[PDB]
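Only one structure is covered here, and it is reproduced in the block below.
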Amino acid sequence: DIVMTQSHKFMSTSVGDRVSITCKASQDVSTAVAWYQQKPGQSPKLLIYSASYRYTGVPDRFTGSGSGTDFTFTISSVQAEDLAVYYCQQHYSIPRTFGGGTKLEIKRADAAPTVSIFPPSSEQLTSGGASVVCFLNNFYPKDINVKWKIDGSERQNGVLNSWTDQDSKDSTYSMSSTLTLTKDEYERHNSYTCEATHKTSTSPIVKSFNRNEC
Amino acid sequence: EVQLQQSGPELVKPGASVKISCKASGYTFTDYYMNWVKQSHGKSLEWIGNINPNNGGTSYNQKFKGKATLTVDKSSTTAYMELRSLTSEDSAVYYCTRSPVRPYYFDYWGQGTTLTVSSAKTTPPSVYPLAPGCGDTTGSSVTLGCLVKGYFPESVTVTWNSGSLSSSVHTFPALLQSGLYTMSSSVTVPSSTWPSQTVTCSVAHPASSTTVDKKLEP
Amino acid sequence: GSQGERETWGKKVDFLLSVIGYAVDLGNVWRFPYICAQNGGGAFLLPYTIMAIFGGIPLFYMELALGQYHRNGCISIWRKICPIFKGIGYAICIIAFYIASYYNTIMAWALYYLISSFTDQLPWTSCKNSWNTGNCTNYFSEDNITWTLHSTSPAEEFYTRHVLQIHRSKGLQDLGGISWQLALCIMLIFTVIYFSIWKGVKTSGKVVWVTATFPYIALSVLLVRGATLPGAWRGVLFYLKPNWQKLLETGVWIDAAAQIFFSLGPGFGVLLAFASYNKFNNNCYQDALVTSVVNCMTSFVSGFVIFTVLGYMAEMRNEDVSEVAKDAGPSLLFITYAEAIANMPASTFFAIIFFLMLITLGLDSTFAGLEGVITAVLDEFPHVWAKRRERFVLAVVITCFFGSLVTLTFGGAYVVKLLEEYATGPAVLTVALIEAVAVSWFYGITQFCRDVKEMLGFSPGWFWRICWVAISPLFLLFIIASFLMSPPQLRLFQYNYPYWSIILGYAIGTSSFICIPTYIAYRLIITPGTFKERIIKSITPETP
Ligand SMILES: Ic1ccc([C@@H]2CCNC[C@H]2COc2ccc3c(c2)OCO3)cc1
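Chains as they are written, first to last, in the authors' numbering: chain C, 21 to 234; chain B, 20 to 237; chain A, 74 to 617.
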């Protein structure tokens, strides 16, 4: 069989920069390599076939090159919607194999994380649960600290951080810090506070609300 | 144009079998090889095998020989893939993709089929409105949310007002714990249409065939 | 008086190149490279030689030694060895007939290509012909093309809808009528063998100078031509890449044994006839040894001749030469190789010498094929026959034409496979086994070593002794059992043969075999005495 090796699992680029993903095959392939673009949440979309030829419906900003074993996929004008995971695949020997997959992450200027704390709703208080939410929207880069405060004390049990993928419009990550608690514990405390430490500013952003019917 | 409409997600207990369809349209069905590619969570694409729609010419991969069985029907232009001896590794997304005979590229793919192989009971999601408090300072935009708690498997869809609008909706991935998933959704909409008009989030769970709609209230 | 002693050959080199001419054919050119590159690549050389040394060579040299020593035909030699097995000589006579029904129609195809190759623009290049469909898509045409399940190449269209016209037949059921072009081609073939056999060993032995040497020339031109082609190393890689794991399969050895046997073709009576017309003092050990080593090495270089052009063809297309070399049979040479040589400078030249090479490969072999049977009948019915040789030779030749009339049909190709797989292989293996057992066990290998000891001046080594006693009949027994156990389902040109074909095949495989148990029944049934008395006088040859 054939082993398609993409040594670089991740590649960082910016909007408008010249990006090029490599692809290493097991043996000599002549000109038999196809490049696929799988956008997050979509089916893999065919971009290049036979090393250099472009497929129909593919903008002019996507090109391909190489002849032999190593092949290269080039994007001249990276757009916000070009954010996807690119795969390379050989099409000469049975069976047809694929590459490990190269996620193209977009680099931009820093953005302040918009933090919003949420009190448990009445339908959940009715069920017998109470989850305080802390949304952190539109910031860059991904590295960000989230610290919880039930009543000023750093709460750490029951905290779940969920990072979404990068955005295809403004290239801004977004994460959710969830603090799930019981109803009995919720009606024995009032002002919840979640804070975020980012590289945009040294002082963590502090958000607070009150339990007494807001 | 060219469309490959696959089947919905499937939750099957380990050791059983499962069949996935692939309705092809928009081209001469007998003019192209029908392929199946496996994609594991976080893994690369994996070629299962192809089939010639004319005579059912299955050409499998040595890694999937006896693991997958490709069939085809010309009377409805639909290709099928059946899987037996289901394990936790088969819990992956499967695509059926069209391909010519030479050069062998995969021009058109299907939307995918989420297969979950687990003996865990199909648990309906708990939809709780994540609404801002009544003491917050209403600025130029308000961020809302809806919480989806406790469900299985990962087949779930959170929509906002029949998809209008959703130009500022941040959907957070689901997290698995003790056999049950939990996710949350948010939406940033200006303050000049709230709370004047109606904003409602709709949570749909296809595996349990349930659909609970909850409207946000301050 | 009268005839008395038999005739003698005109020179040593004539009989050397003559037995080489029988040994070397089409299968040497394309069969061995395919079976080689498929079963473990270069590693296939390891068992192939073994199956040669232990199997092919001993039968070859034993047959040759008996032929030169006894100077009798395929039927008359059993009268003086084991009369009950005289039916063997008859069986071959039937077997050869079945072979001569299809083997020369292939040469007729190569002949139809050859006369159709004199045009400046070769027919199988363009699609604007009277036989192409709307699926025909060809080169020197717009690039980017993406082939379709229903699309078809101009070479496949030419071979399918013209020289074969196989689209006009549905299979074995409906194959008529007859393509008169292939009938005239094969008629010309029977003519060119008619003027090369009718006189006897002198003409076959003189035509062989051309029919056995030219294939090396054409293979040399296509060899140095195919070697200079860009990206030809792919076919060589796929051709000689060692895959030793395939050697663990018990099938591969079987394929090698069958290959070397059916490429040396011992015990068919052709070597008996070719050996009969030689000097008693003349050595034959070196003869058999060298002759085989030529057939094997010739196959080895032929592998390069094919897979170099296949490598270039896999470079212009997209590699993994196996895909461009999937189909083994008439399509590897008549379509893929022809379409490959079409994109080369002075294509008329390489085309003419290629299909001319095919005819040149079949000619010598079929000379010898007929030669064995002719010698057998002339020696079995002397005086009652030999009145003229052109009479009996004319009879067998026109008989082969009427035999090929079933093959000259539209679905004739279908029949060719049914006759190529089912009829010849099991029966020939059987008669080779019974023949080897009868010379090694009944006549006694000791007296055979005394005959060779009287022939060459020295007794054959203990190696030849143990090979004839045990290793060779086990060698044939191996292929017999492995064949009967797993007869093959066969398909040709998107058409699977009906389930009943094997039945038909077995008829054609046994309708030739019925003569030896019925002749044992005829011999043991005709002379009265007791069963133990009559079989003891029927197993011992004539004392005087
Ligand atoms: I079963 C069988 C199949 C093939 C062989 C030989 C093997 C290699 N060398 C040529 C070939 C000779 O086979 C013939 C060819 C033409 C003929 C013919 C016999 O009879 C008259 O025309 C032997 C037995």
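All C-beta atoms, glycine included, are put in the ideal place defined by N, C-alpha and C.
Open item on the list: Which residues in chain A have a C-beta closer than 8 Å to the C-beta of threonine 49/B? List them in chain order.
Closed with: Ordered by position in chain A, the residues that pass the 8 Å Cβ test against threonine 49/B are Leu222, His223.
Task: Selection from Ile68/C, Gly77/C, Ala132/C that minimises the alpha carbon distance to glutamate 20/B - done: When each option's Cα is compared against that of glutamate 20/B, the closest is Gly77/C.
- [ ] Inspect the beta-carbon positions of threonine 162/B and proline 28/B and report whether they are closer than 8 Å.
- [x] Going by C-beta atoms, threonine 162/B is not nearer than 8 Å to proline 28/B.
Open item on the list: DSSP has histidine 224/B in a bridge; who is on the other side?
Closed with: For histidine 224/B, the pairing in a beta bridge is given by DSSP as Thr229/B.
- [ ] Give the residues from the region 310–328 of chain A that approach chain C closer than 8 Å (Cβ to any Cβ), ordered along the chain.
- [x] Listed by position along the chain: nothing, the set is empty.
- [ ] Flag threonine 497/A as yes when its Cβ comes closer than 7 Å to any non-hydrogen atom of ligand 1, and as no otherwise.
- [x] With a cut-off of 7 Å, the C-beta of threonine 497/A is classified as near ligand 1, since at least one heavy atom of the ligand falls inside that distance.
Open item on the list: Going by the DSSP bridge assignment, what does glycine 149/C pair with across the sheet?
Closed with: The partner list for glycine 149/C (beta bridge, DSSP) reads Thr202/C.
Open item on the list: Below 8 Å, how does it come out for the region 120–139 of chain A and the region 504–513 of chain A: are there three or more Cβ pairs, yes or no?
Closed with: Because the criterion of three Cβ pairs below 8 Å is met, the region 120–139 of chain A and the region 504–513 of chain A touch.
Task: Contacts that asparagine 356/A makes with chain C (C-beta to C-beta distance below 7 Å) - done: Near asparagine 356/A there are no residues of chain C at all, since even the closest Cβ is about 50 Å away, more than 7 Å.
Open item on the list: I need the DSSP call for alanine 348/A, collapsed to helix, strand or coil.
Closed with: Helix, per DSSP.
- [ ] Determine the closest residue to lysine 86/B out of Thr97/B, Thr96/B, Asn71/B, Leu102/B, with distance taken between C-alpha atoms.
- [x] Nearest C-alpha to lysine 86/B: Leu102/B.
Task: Partners in chain A for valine 49/C, counting only beta-carbon separations shorter than 8 Å - done: Here the neighbours are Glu392.
Open item on the list: Contact defined as beta carbons within less than 8 Å: I believe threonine 184/C pairs with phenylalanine 191/B. What is the distance between those atoms, to the nearest angstrom?
Closed with: Their Cβ separation, rounded to whole angstroms, is 6 Å, which keeps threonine 184/C and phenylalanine 191/B in contact under 8 Å.
- [ ] Mind checking which residues open and close the beta strand (DSSP E) that includes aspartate 92/B?
- [x] Segment 87–92, the beta strand (DSSP E) holding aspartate 92/B.
Open item on the list: Please identify, using Cβ separations under 7 Å, the residues of the region 209–242 of chain A that lie next to chain B, in order along the chain.
Closed with: Result list: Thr219, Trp220, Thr221, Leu222, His223.
Open item on the list: Measuring only from the beta carbon, is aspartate 328/A closer than 7 Å to any heavy atom that is part of ligand 1?
Closed with: No, the Cβ of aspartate 328/A stays beyond 7 Å of every heavy atom of ligand 1.
TODO: Consider the C-beta atom of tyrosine 46/B and the heavy atoms of ligand 1; say whether any pair is separated by less than 7 Å.
DONE: No - ligand 1 has no heavy atom lying nearer than 7 Å to the Cβ of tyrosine 46/B.
Open item on the list: Taking contact to mean 3 or more Cβ pairs, one atom from each stretch, closer than 8 Å, check whether the region 451–464 of chain A and the region 295–309 of chain A are in contact.
Closed with: No, because fewer than three Cβ pairs between the region 451–464 of chain A and the region 295–309 of chain A fall closer than 8 Å, the two stretches do not touch.
- [ ] Write down the C-beta distance between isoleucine 108/A and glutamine 332/A rounded to the nearest angstrom, noting that I regard them as a contact closer than 8 Å.
- [x] Between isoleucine 108/A and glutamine 332/A, the beta carbon gap of about 6 Å places them in contact (Cβ cut-off 8 Å).
Open item on the list: Please report the distance separating the alpha-carbon of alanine 401/A from that of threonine 192/C.
Closed with: Roughly 59 Å between the two C-alpha positions.
Task: Distance, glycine 148/C Cα to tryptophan 55/B Cα - done: Cα to Cα, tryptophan 55/B sits roughly 46 Å from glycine 148/C.
Open item on the list: With a threshold of 7 Å (Cβ to nearest heavy atom), would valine 343/A be considered close to ligand 1?
Closed with: For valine 343/A, the distance from the CB to the nearest heavy atom of ligand 1 is below 7 Å.
- [ ] Report the neighbours of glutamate 388/A on chain C: residues whose CB is nearer than 9 Å to its CB, in chain order.
- [x] Simply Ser50.
Task: Which residues DSSP lists as bridging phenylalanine 287/A, in chain order - done: According to DSSP, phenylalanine 287/A bridges with nothing at all.
Task: Boundaries of the alpha helix (DSSP H) in which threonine 371/A is found, first to last residue - done: 358–389 is the span of the alpha helix (DSSP H), which, as asked, contains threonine 371/A.
- [ ] List the endpoints of the continuous alpha helix (DSSP H) containing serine 574/A.
- [x] Looking at the DSSP string, the run of the alpha helix (DSSP H) that includes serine 574/A is 574–583.
TODO: Answer yes if the region 226–243 of chain A comes into contact with the region 181–200 of chain A, meaning at least three C-beta pairs across the two stretches below 8 Å, and no otherwise.
DONE: Taking a cut-off of 8 Å for Cβ pairs, the region 181–200 of chain A and the region 226–243 of chain A touch, as three or more such pairs fall below it.
- [ ] Please state if the CB of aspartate 437/A and the CB of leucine 89/A are separated by a distance shorter than 8 Å.
- [x] Result no, Cβ atoms of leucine 89/A and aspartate 437/A do not sit closer than 8 Å.
Open item on the list: When you compare the CB of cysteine 41/B with every CB in chain C, is at least one pair closer than 8 Å?
Closed with: Not one chain C Cβ lies under 8 Å of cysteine 41/B.
Task: Same chain, Cβ closer than 6 Å to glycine 249/A, neighbours up to 5 away in sequence not counted - done: These residues qualify, in order along the chain: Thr482.
- [ ] Please state if the CB of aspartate 50/B and the CB of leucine 222/A are separated by a distance shorter than 8 Å.
- [x] When the beta-carbon positions are compared, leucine 222/A and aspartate 50/B come within less than 8 Å of each other.
Open item on the list: Shorter than 7 Å, the distance from the beta carbon of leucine 443/A to the closest heavy atom of ligand 1, or not?
Closed with: Yes, Cβ of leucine 443/A sits closer than 7 Å to a heavy atom of ligand 1.
Open item on the list: Using a Cβ-Cβ cutoff of 9 Å, what residues of the region 115–131 of chain C are near chain B? List them in chain order.
Closed with: For the region 115–131 of chain C, which is checked against every Cβ of chain B, the residues closer than 9 Å are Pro115, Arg116, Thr117, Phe118, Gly119, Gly120, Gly121.
Open item on the list: Which residues does DSSP list as the beta-bridge partners of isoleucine 251/A?
Closed with: DSSP output for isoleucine 251/A lists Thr482/A as bridge partner(s).
TODO: Look at the Cβ atom of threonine 81/A, then the Cβ atom of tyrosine 350/A, and state whether they are nearer than 8 Å.
DONE: Yes. Within cutoff.
TODO: Indicate the three-state DSSP secondary structure (helix, strand or coil) for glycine 75/B in the structure shown.
DONE: In the structure shown, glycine 75/B sits in coil (DSSP, three-state: anything other than H, G, I, E or B).
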